[PDB]
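Trainee: Dropping a structure here in structure tokens format, bear with me for questions.
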Amino acid sequence: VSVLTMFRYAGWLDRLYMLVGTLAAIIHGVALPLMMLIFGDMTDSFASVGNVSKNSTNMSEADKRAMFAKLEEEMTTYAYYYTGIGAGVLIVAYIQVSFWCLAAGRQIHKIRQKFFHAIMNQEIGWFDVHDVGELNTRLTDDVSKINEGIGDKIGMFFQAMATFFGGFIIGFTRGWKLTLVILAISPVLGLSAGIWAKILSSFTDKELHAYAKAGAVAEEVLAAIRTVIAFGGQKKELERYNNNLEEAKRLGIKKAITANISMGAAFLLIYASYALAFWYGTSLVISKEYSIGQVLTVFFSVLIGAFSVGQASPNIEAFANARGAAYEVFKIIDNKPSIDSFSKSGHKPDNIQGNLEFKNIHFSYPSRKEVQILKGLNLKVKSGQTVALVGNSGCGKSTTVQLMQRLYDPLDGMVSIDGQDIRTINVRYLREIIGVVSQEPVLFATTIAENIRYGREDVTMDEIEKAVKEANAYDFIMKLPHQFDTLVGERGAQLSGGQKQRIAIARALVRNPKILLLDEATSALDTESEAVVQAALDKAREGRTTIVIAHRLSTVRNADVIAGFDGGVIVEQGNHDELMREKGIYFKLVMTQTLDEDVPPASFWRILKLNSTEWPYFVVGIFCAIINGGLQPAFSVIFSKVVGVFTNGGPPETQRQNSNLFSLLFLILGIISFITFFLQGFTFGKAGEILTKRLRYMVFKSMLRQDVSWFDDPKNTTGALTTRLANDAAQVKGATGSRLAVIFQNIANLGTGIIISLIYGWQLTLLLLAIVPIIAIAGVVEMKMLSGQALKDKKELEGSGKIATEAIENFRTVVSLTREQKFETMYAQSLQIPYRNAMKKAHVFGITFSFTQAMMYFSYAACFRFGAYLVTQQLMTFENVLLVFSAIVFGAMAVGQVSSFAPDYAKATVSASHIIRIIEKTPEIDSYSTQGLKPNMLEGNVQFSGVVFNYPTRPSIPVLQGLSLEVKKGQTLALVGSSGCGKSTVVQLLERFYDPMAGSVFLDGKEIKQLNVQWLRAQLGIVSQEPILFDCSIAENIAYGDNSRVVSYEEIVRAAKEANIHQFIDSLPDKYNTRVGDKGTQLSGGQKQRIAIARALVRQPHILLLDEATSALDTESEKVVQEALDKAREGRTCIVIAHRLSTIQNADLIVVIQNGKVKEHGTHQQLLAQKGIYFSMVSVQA
């Protein structure tokens, strides 16, 4: 029902070919096992020939007769085989792909036109609800999904079942046993893959849980970077970041260990079962003699038939996921629920006029539960008049304008155009009788000639000329170049807003409506252009019955009748003077109104260069991959010798050879492959493991040892930094993983295959490589053409989609209604191009897939043709033919594995490129010397001379210009300024966060410029507004080791004693040992600040710095901190920039800073005697 038939709906002749393509899809899938049925027949005769060939040791010439005759007879069959299937698979291929296009093309094009039509046909509803853009985004993405649902995926789907159902048919008939064995190994292979999902999902979360700690440390530190810098607690975070990494690596290696165990075991269970199938497959030959090895090979094709079920599932999933999403929204997509608008019939008034009448109208916006904006209405406007409506709370007047266009059917009451109800008349006609001027004008992207032409389709520039000329829009347009043919570029914002609306009036003027609706047209406009546009409105009035709502009372003065609302409730009506007489609602208002990343530059082999540098030794891992590489062909060699000697060899000794090789297929792989695979995994696993540490290590330390506008004023963010730590190390981990994988398969094919390739007849090789590269390139050129078609298609629908996206986003097209079909008209012509392009790719996709399979039979042809014939002509041998099959599976593991790790190499290369340029750093300040820390330097008299400063934004108008201060030791230097900066910056510059653009700063008289960075930050009393507490024991928080400083209990006691935080320390559990409880969630600001103060006086700085310490606080908290602060200072030099001027009254020197320029300075009473900024600061303090 709704699920399927509509998904496939219509397509009368389409449905017939839809079935034809379907039919062709079956016989395609049927062909592959039939091709393999042939493989057994050629095997059978060739085997009987081989049995007599080894059986001779007597006669020779006899073997030259019959054995070659059968082979010649087989050569006769060979020719009729590949062609019959080849010509078949060639034709049926081109057909089944036409299903993908020819059927899908006409269907989607049919879908598009109705969908694009139904959207505009829902009218009002889209404004009522949903997303109106996000909705139409996904929906057009949904119709894109449909082509995948009705395409050849289905053709492939029937093809798969034909290989499946048709495959098993042949299997059971030629035996019911082996099936059971093969069916038995199915859950086992599903069991091993089950181990995979358990290991991957479980080990991921552990790793995630591990790096979360490593991530969390980087999370707060990089957020706390300015805090840690000042205290120089870097090396501790340095050490910690290594510990979390130490654990995360151990979860990394075990994951790799267990994974390789699974993947190793996974292949074991396959090959064991593969071996198990033959041993029981062989035992039914030697002692039994039922199968000659035809079905034995053919039942393996049932696995190929079984793999097709795996190829079937996506097409169904492609079909199912497309179906459910489409048909459910299809109900919304298609039809026309409509029934408030429609397009058609209705009544056409020829009366060419009508008095507007509103009668007892109760209405509510379709917000449902929202209260009625309009409860009841009575308004009657006579013909030729102009009625004015007004309000306060908003809308409620605008509603009356909205109902008049029948955009919303009123809940109760009626709106009467002329004498008749509005619901009788044809809607299309009504919109044409109603001109509308909205407050916010809109111009479609087109010529000015066209925007008017959208008002009325049939018009000539003379009416256009007269329109704007009467609308006084004829001035700016003429001076403007291109005249009427001028396009409006980049949507509608180009020129002045007043001119846009004026044109909109002219557009509505062409409409020549007998009703004109103006909603706040004058509102939201510059004063000058307002009067200009108004005259046009004035010139558009008086000739037409109209109704106008705006908030400009200047335009309401000349109105014939005014009506008050204020929220939509009708109260007063009449002429202006009559209204002012009432001094009512009208009169009241009158007097009242009087995150992405990755810069371009690359690595260029520097990857393995830096990698090998950090990779001390691993030659056993890759060597283990090589011996594993060459191990792969041995299987292809062993199996080749099994059936080889089985095909060519006599009845004696058959048991031993097969027995000996059977065991050989096991031990060479099962014993060895598991070992080497787990052996390499333990190597390259740990290889990538330690790299993740050193890299993230040498980065975060390279990040922390550099600040300098990467931290202080970056364009980056915390998340972006963490992202770098995550992806880069993860990607380069993949970079190295791809290295061993390729080199492994390299020798697997190039190294060993060539050795095998060397023993051919040298022509067979050439013929083989006259196929494989050709079919590969043939497979490559298809992929290019495929995306080439995908890209060119997206561009075409884009232009159609944009102009489509243009319309739905503009809901005002429905008020004119002139453009309803007109837009869908352009879309038809726009949609017409991909249609022919859809027809074009039918031939293109048709010939490609056909050709791809055309090389398939041609491959088997030349394989067996030249394997027979000339080789059958002289010295027909069992070898070199199965070795061809060996060379094939190497080409399969080459393309498959290489192309898989190719993009892995890409994103890694890019991610590595970032991590390399970042780690280069610009270390700047770390240690050096620059000073000897003299014992006479304790002191503390801080100098500023000719200091200018700007934070690293160049044209930021620097906050410091010509600034100089001084403070003697052991006394308080007060500071006060307007707001913002120059307050805070001074404290920051003392930290030497940024070296000023000009001037100098001194502490003992020594130059800070030339002073050591560390020791300068060794004595500091820095306290911020909202102190950030690291999550840790408050005891470990109070004391942050400056350099060598151990956690000292007696000291932090003194810290708490002075900071008055000992109250909390006295009581409560664990006392000093209490953790902050997840980022200090159990403590208020007052508690935290006390601790920050304790951090300051732990250091015993000769210089204290208070940045708005009491800025955020209240009540007793303000006094207790001030009590601590005052007691913190007075023993040493201090600077308090706090905005509390009540507590600044005890200060040795108060300084008023005006934006880089110190204005006044002196003791409180001295400045108090003066007047200016400071006295104002106190005067406004009250």
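Please note that chains go A, B, ... in the order of the structure tokens, that every chain numbers its residues from 1, and that ligands are numbered from 1 in the order shown.
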Need to verify the contact set: range 680-696 of chain A, 8 Å, only C-alpha atoms, exclusion of same-chain residues closer than 5 positions in sequence. Can you return it as a VMD selection string?

Mentor: chain A and resid 242 245 to 246 249 252 to 253 256 to 257 260 611 614 to 615 618 620 to 622 624 to 625 725 729 to 730 733 to 734 736 to 737 740

Trainee: Would you return as a count of residues only the members of range 383-462 of chain A that DSSP assigns to strand (DSSP E or B) on this structure's backbone?

Mentor: 17

Trainee: Need to verify the contact set: residue 99 in chain A, 7 Å, only C-alpha atoms, exclusion of same-chain residues closer than 5 positions in sequence. Can you return it as JSON, numbers by chain?

Mentor: {"A": [18, 21, 151, 152, 155]}

Trainee: Give me, as a PyMOL selection string, all polymer residues having an atom no more than 10 Å from residue 828 in chain A, counting only C-alpha atoms and skipping those fewer than 3 positions away in the same chain.

Mentor: chain A and resi 109+112-113+116+800+821-825+831-833

Trainee: Would you mind exporting N, CA, C and O atoms of the selected residues as a compact mmCIF listing (two decimals), in the first residue's frame?

Mentor:
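Okay, again-v2.txt is ready:
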# COMPACT_ATOMS: atom_id res chain seq x y z
N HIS A 109 11.62 13.07 -11.72
CA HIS A 109 11.18 14.27 -12.41
C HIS A 109 9.69 14.49 -12.22
O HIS A 109 9.21 15.62 -12.14
N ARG A 112 9.41 15.56 -8.51
CA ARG A 112 9.89 16.92 -8.29
C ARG A 112 8.85 17.98 -8.62
O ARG A 112 8.62 18.90 -7.83
N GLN A 113 8.21 17.84 -9.78
CA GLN A 113 7.23 18.83 -10.23
C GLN A 113 5.99 18.90 -9.36
O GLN A 113 5.43 19.98 -9.16
N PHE A 116 7.34 20.29 -5.78
CA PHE A 116 7.53 21.74 -5.92
C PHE A 116 6.20 22.46 -6.08
O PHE A 116 6.06 23.62 -5.68
N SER A 800 18.77 25.28 -9.99
CA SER A 800 17.34 25.02 -9.89
C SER A 800 16.90 24.97 -8.43
O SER A 800 15.81 25.43 -8.09
N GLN A 821 2.29 29.44 -10.33
CA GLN A 821 2.64 28.57 -11.44
C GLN A 821 3.88 29.09 -12.16
O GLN A 821 4.67 28.31 -12.70
N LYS A 822 4.04 30.41 -12.16
CA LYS A 822 5.15 31.07 -12.84
C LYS A 822 6.50 30.60 -12.28
O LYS A 822 7.45 30.40 -13.03
N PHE A 823 6.58 30.46 -10.96
CA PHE A 823 7.80 29.94 -10.34
C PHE A 823 7.99 28.48 -10.72
O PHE A 823 9.10 28.05 -11.04
N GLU A 824 6.91 27.71 -10.68
CA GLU A 824 6.97 26.31 -11.04
C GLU A 824 7.17 26.16 -12.54
O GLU A 824 7.57 25.10 -13.02
N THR A 825 6.89 27.23 -13.27
CA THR A 825 7.12 27.27 -14.71
C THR A 825 8.63 27.32 -14.96
O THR A 825 9.16 26.56 -15.76
N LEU A 831 14.25 22.30 -14.29
CA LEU A 831 14.29 20.86 -14.06
C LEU A 831 14.43 20.08 -15.36
O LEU A 831 14.74 18.89 -15.35
N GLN A 832 14.20 20.76 -16.48
CA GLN A 832 14.26 20.12 -17.79
C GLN A 832 15.68 19.68 -18.16
O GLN A 832 15.86 18.66 -18.83
N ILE A 833 16.67 20.45 -17.73
CA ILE A 833 18.07 20.15 -18.05
C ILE A 833 18.60 18.85 -17.41
O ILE A 833 19.21 18.04 -18.10

Trainee: Any idea what's packed within 9 Å of residue 668 in chain A, counting only C-alpha atoms, ignoring anything in its chain fewer than 5 positions away? Could you give it as a PyMOL selection string?

Mentor: chain A and resi 631+634-635+663+673

Trainee: For the selection you just gave me, I'd like the residues written to a file as an mmCIF file, in the first residue's frame, keeping C-alpha atoms.

Mentor:
data_model
loop_
_atom_site.group_PDB
_atom_site.id
_atom_site.type_symbol
_atom_site.label_atom_id
_atom_site.label_comp_id
_atom_site.auth_asym_id
_atom_site.auth_seq_id
_atom_site.Cartn_x
_atom_site.Cartn_y
_atom_site.Cartn_z
ATOM 1 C CA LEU A 631 53.028 -16.502 3.298
ATOM 2 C CA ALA A 634 51.760 -20.175 -0.391
ATOM 3 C CA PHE A 635 48.081 -20.830 0.319
ATOM 4 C CA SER A 663 48.106 -30.735 6.282
ATOM 5 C CA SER A 673 49.688 -16.801 10.041
#

Trainee: Where does DSSP see alpha helix (DSSP H) in range 371-412 of chain A, if you list the residues as a list in words?

Mentor: residues 398, 399, 400, 401, 402, 403 and 404 of chain A

Trainee: I need the chosen residues saved as a short mmCIF file (atom, residue, chain, number, x, y, z; two decimals), in the first residue's frame, with N, CA and C atoms.

Mentor:
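So the final result, stored in again01.cif, reads:
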data_model
loop_
_atom_site.label_atom_id
_atom_site.label_comp_id
_atom_site.auth_asym_id
_atom_site.auth_seq_id
_atom_site.Cartn_x
_atom_site.Cartn_y
_atom_site.Cartn_z
N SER A 398 -2.68 44.26 12.55
CA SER A 398 -2.05 43.55 11.44
C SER A 398 -2.85 42.30 11.08
N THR A 399 -3.50 41.73 12.09
CA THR A 399 -4.38 40.58 11.91
C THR A 399 -5.53 40.92 10.96
N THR A 400 -6.15 42.08 11.18
CA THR A 400 -7.26 42.54 10.36
C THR A 400 -6.83 42.64 8.90
N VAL A 401 -5.58 43.03 8.68
CA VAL A 401 -5.02 43.12 7.34
C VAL A 401 -4.75 41.73 6.79
N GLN A 402 -4.40 40.80 7.68
CA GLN A 402 -4.09 39.45 7.25
C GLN A 402 -5.35 38.66 6.89
N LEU A 403 -6.42 38.86 7.64
CA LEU A 403 -7.66 38.16 7.37
C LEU A 403 -8.29 38.62 6.06
N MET A 404 -8.10 39.90 5.74
CA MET A 404 -8.70 40.47 4.54
C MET A 404 -8.22 39.80 3.26
#

Trainee: Counting only C-alpha atoms, figure out which residue out of A:149, A:633, A:1172, A:601 gets nearest to residue 916 in chain A.

Mentor: A:601

Trainee: Dump as JSON lines the rows for residues of range 1115-1153 of chain A within 10 Å of range 936-960 of chain A: closest atom pair and distance in Å with one decimal, only C-alpha atoms counted, ordered by chain and rising residue number.

Mentor:
{"residue": "A:1132", "atom": "CA", "partner": "A:940", "partner_atom": "CA", "distance": 8.0}
{"residue": "A:1133", "atom": "CA", "partner": "A:940", "partner_atom": "CA", "distance": 6.4}
{"residue": "A:1134", "atom": "CA", "partner": "A:940", "partner_atom": "CA", "distance": 9.3}
{"residue": "A:1153", "atom": "CA", "partner": "A:960", "partner_atom": "CA", "distance": 9.7}

Trainee: Export N, CA, C and O atoms of the chosen residues as a PDB file, in the first residue's frame?

Mentor:
ATOM      1  N   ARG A1132      54.084  44.650  53.040  1.00  0.00           N
ATOM      2  CA  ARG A1132      54.752  44.693  51.746  1.00  0.00           C
ATOM      3  C   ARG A1132      54.033  45.643  50.797  1.00  0.00           C
ATOM      4  O   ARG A1132      52.906  46.065  51.060  1.00  0.00           O
ATOM      5  N   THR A1133      54.703  45.979  49.700  1.00  0.00           N
ATOM      6  CA  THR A1133      54.132  46.820  48.654  1.00  0.00           C
ATOM      7  C   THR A1133      52.895  46.148  48.072  1.00  0.00           C
ATOM      8  O   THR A1133      52.888  44.933  47.882  1.00  0.00           O
ATOM      9  N   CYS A1134      51.845  46.915  47.799  1.00  0.00           N
ATOM     10  CA  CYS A1134      50.667  46.328  47.173  1.00  0.00           C
ATOM     11  C   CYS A1134      49.947  47.284  46.230  1.00  0.00           C
ATOM     12  O   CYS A1134      50.001  48.503  46.397  1.00  0.00           O
ATOM     13  N   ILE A1153      43.742  57.108  36.797  1.00  0.00           N
ATOM     14  CA  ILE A1153      44.223  56.895  35.436  1.00  0.00           C
ATOM     15  C   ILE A1153      43.156  57.164  34.376  1.00  0.00           C
ATOM     16  O   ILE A1153      42.075  56.574  34.398  1.00  0.00           O
TER      17      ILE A1153
END

Trainee: Which polymer residues have any atom within 12 Å of an atom of residue 106 in chain A, counting only C-alpha atoms, with same-chain residues fewer than 6 positions away left out, as a list in words?

Mentor: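 Answer for this query is residues 8, 9, 10, 11, 12, 13, 14, 15, 18, 98, 99, 100, 112, 113, 147, 150, 151, 831, 832, 834, 835, 836, 837, 838, 839 and 842 of chain A.
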
Trainee: Those residues with C-alpha atoms, as a JSON list (two decimals), in the first residue's frame please?

Mentor:
[["chain", "number", "residue", "atom", "x", "y", "z"],
["A", 8, "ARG", "CA", 7.07, 3.11, -7.53],
["A", 9, "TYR", "CA", 3.91, 4.95, -8.71],
["A", 10, "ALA", "CA", 2.82, 5.79, -12.27],
["A", 11, "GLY", "CA", 5.29, 5.05, -15.05],
["A", 12, "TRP", "CA", 2.96, 3.11, -17.38],
["A", 13, "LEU", "CA", 5.70, 2.16, -19.85],
["A", 14, "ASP", "CA", 8.24, 2.64, -17.08],
["A", 15, "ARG", "CA", 6.72, -0.18, -15.03],
["A", 18, "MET", "CA", 10.99, -1.83, -14.74],
["A", 98, "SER", "CA", 18.87, 1.37, -17.59],
["A", 99, "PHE", "CA", 16.62, 0.40, -14.68],
["A", 100, "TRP", "CA", 18.84, 2.64, -12.48],
["A", 112, "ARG", "CA", 9.89, 16.92, -8.29],
["A", 113, "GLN", "CA", 7.23, 18.83, -10.23],
["A", 147, "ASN", "CA", 17.04, 7.52, -6.85],
["A", 150, "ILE", "CA", 14.48, 2.75, -7.15],
["A", 151, "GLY", "CA", 17.79, 2.45, -9.01],
["A", 831, "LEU", "CA", 14.29, 20.86, -14.06],
["A", 832, "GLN", "CA", 14.26, 20.12, -17.79],
["A", 834, "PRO", "CA", 18.86, 17.38, -15.53],
["A", 835, "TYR", "CA", 16.10, 15.31, -17.17],
["A", 836, "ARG", "CA", 17.97, 15.17, -20.48],
["A", 837, "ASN", "CA", 21.09, 14.73, -18.36],
["A", 838, "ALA", "CA", 19.34, 11.84, -16.63],
["A", 839, "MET", "CA", 18.65, 10.40, -20.07],
["A", 842, "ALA", "CA", 21.40, 6.21, -18.79]]

Trainee: Write out as a ChimeraX atom specification which residues come within 10 Å of residue 888 in chain A when counting only C-alpha atoms, dropping same-chain ones fewer than 6 positions away.

Mentor: /A:636,749,753,768,772,882,894

Trainee: How would the residues just picked look written out with C-alpha atoms as a tab-separated table (two decimals), in the first residue's frame?

Mentor:
chain	number	residue	atom	x	y	z
A	636	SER	CA	47.31	-19.95	-3.29
A	749	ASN	CA	52.13	-9.71	-4.47
A	753	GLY	CA	53.80	-13.27	-7.07
A	768	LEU	CA	47.45	-12.03	-17.73
A	772	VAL	CA	44.47	-7.09	-14.91
A	882	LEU	CA	45.97	-22.19	-11.11
A	894	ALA	CA	46.52	-5.19	-3.55

Trainee: Go through A:599, A:93, A:1035, A:104 and flag the residue nearest residue 1048 in chain A, using only C-alpha atoms for the distances.

Mentor: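 Nearest to residue 1048 in chain A: A:1035.
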
Trainee: How many Å lie between CA of residue 125 in chain A and CA of residue 424 in chain A, rounded to one decimal?

Mentor: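 Value for the CA of residue 125 in chain A-CA of residue 424 in chain A distance: 20.4 Å.
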
Trainee: State, in Å with one decimal place, the distance from CA of residue 773 in chain A to CA of residue 849 in chain A.

Mentor: 17.2 Å

Trainee: Taking into account only C-alpha atoms, which residue in the set A:413, A:103, A:650, A:275 is nearest to residue 300 in chain A?

Mentor: A:275

Trainee: From the options A:1088, A:659, A:437, A:616, which residue's atoms come nearest to residue 286 in chain A, counting only C-alpha atoms?

Mentor: A:659

Trainee: Pick the closest to residue 549 in chain A from A:420, A:451, A:386, A:816: which is it, counting only C-alpha atoms?

Mentor: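 The shortest atom-to-atom distance to residue 549 in chain A comes from A:386.
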
Trainee: Report, in Å with one decimal, the straight-line distance from CA of residue 372 in chain A to CA of residue 394 in chain A.

Mentor: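 About the pair CA of residue 372 in chain A and CA of residue 394 in chain A: they are 13.3 Å apart.
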